[PDB]
Amino acid sequence: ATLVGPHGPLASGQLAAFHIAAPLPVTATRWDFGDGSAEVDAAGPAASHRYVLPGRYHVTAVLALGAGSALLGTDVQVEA
């Protein structure tokens with residue numbers, strides 16, 4: 001799936017907003033922030049990252065269509 005992670009500046013304590021693109025009919029996805037919130041039960045092909053510490057972060061996602069899925073893996077760099 002495509003890693004669409006739209007957001008403005010990512011300073012310590014920012015809410016980035018992500019979204020995956022591939023399994024058109026997405027009703028649920030599972031991201032992985034790792035910023036305190038590891039597993040991420042998001043709806044459809046969309047979610048958002050809540051970064052609160054100044055440093056770097058790693059992102060991943062699992063698409064769930066019921067009979068199909070997708071693997072996501074983005075990167076993040078939050079400052080302060």
# chains A, B, ... in the order shown; residues from 1 in each chain; ligands from 1
>>> residues_around(residues="residue A:65", least_positions_apart="6", cutoff="8 Å", atoms="only C-alpha atoms", output="number ranges by chain")
A: 23, 25-28
>>> write_last_selection(atoms="N, CA and C atoms", output="mmCIF file, in the first residue's frame")
data_model
loop_
_atom_site.group_PDB
_atom_site.id
_atom_site.type_symbol
_atom_site.label_atom_id
_atom_site.label_comp_id
_atom_site.auth_asym_id
_atom_site.auth_seq_id
_atom_site.Cartn_x
_atom_site.Cartn_y
_atom_site.Cartn_z
ATOM 1 N N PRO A 23 -5.484 -1.022 -1.055
ATOM 2 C CA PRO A 23 -6.667 -1.890 -0.931
ATOM 3 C C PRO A 23 -7.937 -1.038 -0.957
ATOM 4 N N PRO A 25 -11.042 -0.820 -1.061
ATOM 5 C CA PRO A 25 -12.078 -1.097 -0.050
ATOM 6 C C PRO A 25 -11.454 -1.380 1.326
ATOM 7 N N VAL A 26 -10.936 -0.375 1.986
ATOM 8 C CA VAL A 26 -10.339 -0.609 3.333
ATOM 9 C C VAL A 26 -11.349 -0.221 4.408
ATOM 10 N N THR A 27 -11.616 -1.106 5.322
ATOM 11 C CA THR A 27 -12.569 -0.781 6.414
ATOM 12 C C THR A 27 -11.805 -0.680 7.737
ATOM 13 N N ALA A 28 -10.593 -1.164 7.770
ATOM 14 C CA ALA A 28 -9.793 -1.096 9.021
ATOM 15 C C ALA A 28 -8.314 -1.337 8.705
#
>>> select_by_dssp(residues="chain A", states="strand (DSSP E or B)", output="ChimeraX atom specification")
/A:2-4,11,14-21,28-32,39-43,46-51,55-64,69-79
>>> closest_residue(among="A:29, A:77, A:2, A:14", to="residue A:63", atoms="only C-alpha atoms")
A:29
>>> residues_around(residues="residue A:60", least_positions_apart="3", cutoff="8 Å", atoms="only C-alpha atoms", output="list in words")
residues 31, 32, 33, 71, 72, 73 and 74 of chain A
>>> atom_distance(atom1="atom CA of residue A:15", atom2="atom CA of residue A:49")
5.5 Å
>>> closest_residue(among="A:68, A:34, A:44, A:55", to="residue A:20", atoms="only C-alpha atoms")
A:44
>>> closest_residue(among="A:30, A:7, A:56, A:19", to="residue A:79", atoms="only C-alpha atoms")
A:56
>>> decode(residues="stretch 16-49 of chain A", atoms="C-alpha atoms", output="PDB file, in the first residue's frame")
ATOM      1  CA  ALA A  16       0.629  13.734  12.369  1.00  0.00           C
ATOM      2  CA  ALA A  17      -2.152  12.280  10.197  1.00  0.00           C
ATOM      3  CA  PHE A  18      -1.401   9.227   8.044  1.00  0.00           C
ATOM      4  CA  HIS A  19      -3.369   7.265   5.426  1.00  0.00           C
ATOM      5  CA  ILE A  20      -2.540   4.182   3.302  1.00  0.00           C
ATOM      6  CA  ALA A  21      -3.494   3.704  -0.373  1.00  0.00           C
ATOM      7  CA  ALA A  22      -3.832   0.339  -2.190  1.00  0.00           C
ATOM      8  CA  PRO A  23      -6.667  -1.890  -0.931  1.00  0.00           C
ATOM      9  CA  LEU A  24      -9.376   0.528  -2.230  1.00  0.00           C
ATOM     10  CA  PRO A  25     -12.078  -1.097  -0.050  1.00  0.00           C
ATOM     11  CA  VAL A  26     -10.339  -0.609   3.333  1.00  0.00           C
ATOM     12  CA  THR A  27     -12.569  -0.781   6.414  1.00  0.00           C
ATOM     13  CA  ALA A  28      -9.793  -1.096   9.021  1.00  0.00           C
ATOM     14  CA  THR A  29      -5.982  -0.910   9.236  1.00  0.00           C
ATOM     15  CA  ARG A  30      -3.380  -1.590  11.941  1.00  0.00           C
ATOM     16  CA  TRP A  31      -0.577   0.972  12.182  1.00  0.00           C
ATOM     17  CA  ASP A  32       2.346   0.905  14.583  1.00  0.00           C
ATOM     18  CA  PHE A  33       3.605   4.230  15.935  1.00  0.00           C
ATOM     19  CA  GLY A  34       6.058   3.177  18.664  1.00  0.00           C
ATOM     20  CA  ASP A  35       5.760   6.616  20.331  1.00  0.00           C
ATOM     21  CA  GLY A  36       4.207   5.049  23.431  1.00  0.00           C
ATOM     22  CA  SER A  37       1.294   3.834  21.297  1.00  0.00           C
ATOM     23  CA  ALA A  38       2.679   0.728  19.561  1.00  0.00           C
ATOM     24  CA  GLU A  39      -0.176  -1.183  17.880  1.00  0.00           C
ATOM     25  CA  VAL A  40      -2.662   1.102  16.105  1.00  0.00           C
ATOM     26  CA  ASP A  41      -6.257   0.027  15.384  1.00  0.00           C
ATOM     27  CA  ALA A  42      -7.266   2.622  12.761  1.00  0.00           C
ATOM     28  CA  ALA A  43     -10.391   2.813  10.577  1.00  0.00           C
ATOM     29  CA  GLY A  44     -10.332   2.376   6.773  1.00  0.00           C
ATOM     30  CA  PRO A  45      -7.028   3.292   5.168  1.00  0.00           C
ATOM     31  CA  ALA A  46      -6.375   6.193   7.595  1.00  0.00           C
ATOM     32  CA  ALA A  47      -4.816   6.916  11.009  1.00  0.00           C
ATOM     33  CA  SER A  48      -2.641   9.531  12.738  1.00  0.00           C
ATOM     34  CA  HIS A  49       0.587   9.530  14.759  1.00  0.00           C
TER      35      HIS A  49
END
